[PDB]
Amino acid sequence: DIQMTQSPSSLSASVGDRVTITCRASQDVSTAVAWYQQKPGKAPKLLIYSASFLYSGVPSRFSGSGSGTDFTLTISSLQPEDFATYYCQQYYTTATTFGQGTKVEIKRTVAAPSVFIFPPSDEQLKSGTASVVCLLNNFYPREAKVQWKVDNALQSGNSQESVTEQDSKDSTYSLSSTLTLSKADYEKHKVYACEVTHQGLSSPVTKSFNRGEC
């Protein structure tokens, strides 16, 4: 029951950077080590096999070294599409073991988000609920504070955030913040504001609407 331990757990690097991910085996496993690239929602893609052999169709920027108990993966010059969770694997035994994984994030210049506010549709209101969606489109870094202010009253425990995986070209994020209330509670207020605080914005940007009005 061999154990595969990766280091670091996660790392952020710029385009052109040399990235080094290490993997330790609990026992000696010779060159019986493979490396994979896993994009969220996709199956792992084989990069390196036999600890140092590059699999066909894998960019030459990906290389592997190691023999015995310590193995390393190298991305000589990091690209924006290289964002994924990387896994080392041992096939010294048929009952294959995988490392915990290493998330690789792409660093870039600061990009201010394009904030949009979407009021609840009449169709959702007809079903008995109201969801106010706030969109922060194409921004870097990921760190963004989203505050909901309903008639100047700061909201808590009634909003959920969702962030997209980095763009394969411009390494940006997009974030959704959905404020959910009942049709009853929604009609009891006028101003629905979405205050966005991000490094790209010099002063927090507010996007609002008056319920019923267009």
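Don't overthink the numbering: it's just position in the shown sequence, from 1.
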{"property": "Mean C-alpha B-factor comparison - 87 to 95 and 138 to 146, higher one", "result": "138 to 146"}
{"property": "Residue stretch of maximal mean CA temperature factor, 166 to 174 vs 46 to 54", "result": "166 to 174"}
{"property": "Residue 125 CA temperature factor, ranked by third within the chain", "result": "highest"}
{"property": "Third of chain Cα B-factors occupied by residue 106", "result": "lowest"}
{"property": "Relative C-alpha B-factor of residue 118, binned into the chain's lowest, middle or highest third", "result": "highest"}
{"property": "CA B-factor ranking of residue 70, expressed as a third of its chain", "result": "lowest"}
{"property": "Assigned third (lowest, middle, highest) for the C-alpha B factor of residue 25", "result": "middle"}
